[PDB]
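Just so it is clear, none of the values below were taken in a lab; they were calculated from the coordinates. Please note: Cβ atoms are built from the backbone with ideal geometry, for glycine as well, and neighbour counts cover all protein chains shown.
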Amino acid sequence: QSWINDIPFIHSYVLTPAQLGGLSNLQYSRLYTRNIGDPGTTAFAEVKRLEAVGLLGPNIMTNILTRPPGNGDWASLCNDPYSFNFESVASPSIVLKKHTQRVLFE
Amino acid sequence: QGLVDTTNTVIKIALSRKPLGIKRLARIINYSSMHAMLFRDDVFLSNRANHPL
């Protein structure tokens, strides 16, 4: 009930890229070519453009760079590169898929 | 292991074999609100008096 009526929060949340914790899976460069390349530089480049043109505030660029880190293993770095070690919650598809694999193979 | 056909029926069968957990199931149900609050507390609503180089 708190955050759903914060309209600049919903703006700044559906528009921040999904690599950085937001919702947006459509960078502007996705509209011209496919998803090839580094995801992280595309995320930070879109955040840079959206800050430049005045959509997204200057708060968010300072806060993403100063973000406290997540857990991380060497296995978490190796099983997925291009991966910022931020504290992030796990997708239910990944959790349930991996649980069903590790149950059926017992 | 990434070649199994995890449909919803397969997932219900494997949950009927072994239940998920207590902390993980609370994270599965509350996923959208926890994701939104994590975005809110980390990158939208923060002081961050250190400014990096």
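I'd like the Kirkwood hydrodynamic radius of chain B, using the inverse of the mean 1/r over distinct C-alpha pairs, in Å. List each step's numbers first, then the result.
Values: mean 1/r = 0.0685 Å⁻¹.
By the Kirkwood definition, the hydrodynamic radius is 14.6 Å.
Computed over the Cα atoms of the protein assembly as shown, what is the ratio Rg over Rh, Rh following Kirkwood? That ratio equals 1.01. A simple rule links phi to the HN-Hα coupling: the Karplus curve 6.51 cos²θ - 1.76 cosθ + 1.60 with θ = phi - 60°, which for segment A:3-12 gives 7, 6, 9, 6, 5, x, 5, 5, 4, 6 Hz, with x for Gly and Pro.
Here segment A:5-106 is treated with +1 on each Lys and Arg Cβ and -1 on each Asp and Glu Cβ, and its dipole about the Cα centre works out to around 240 debye. Among A:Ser24, A:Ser93, A:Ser12, the largest mean-square fluctuation in a Gaussian network model of chain A (Cα springs under 10 Å) belongs to A:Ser93. Against the main long axis of the alpha-carbon atoms of chain B, helix B:8-17 sits at an angle near 80°.
Of the residues A:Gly72, A:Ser2, A:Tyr32, the one whose Cα sits farthest toward the positive end of the charge dipole of segment A:1-96, with +1 on the Cβ of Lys and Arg and -1 on the Cβ of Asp and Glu, is A:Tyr32. Put simply, the amide H of A:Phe86, placed in the peptide plane, has neighbours under 5 Å in A:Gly70, leaving out anything fewer than 5 places away on its chain.
Give, rounded to the nearest 20 debye, the magnitude of the charge dipole that segment A:30-90 has about its Cα centre when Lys and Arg contribute +1 at Cβ and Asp and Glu contribute -1 at Cβ. Walk me through the intermediate numbers first.
Values: 5 positive and 6 negative charges, 55 e Å.
Its charge dipole is roughly 260 debye.
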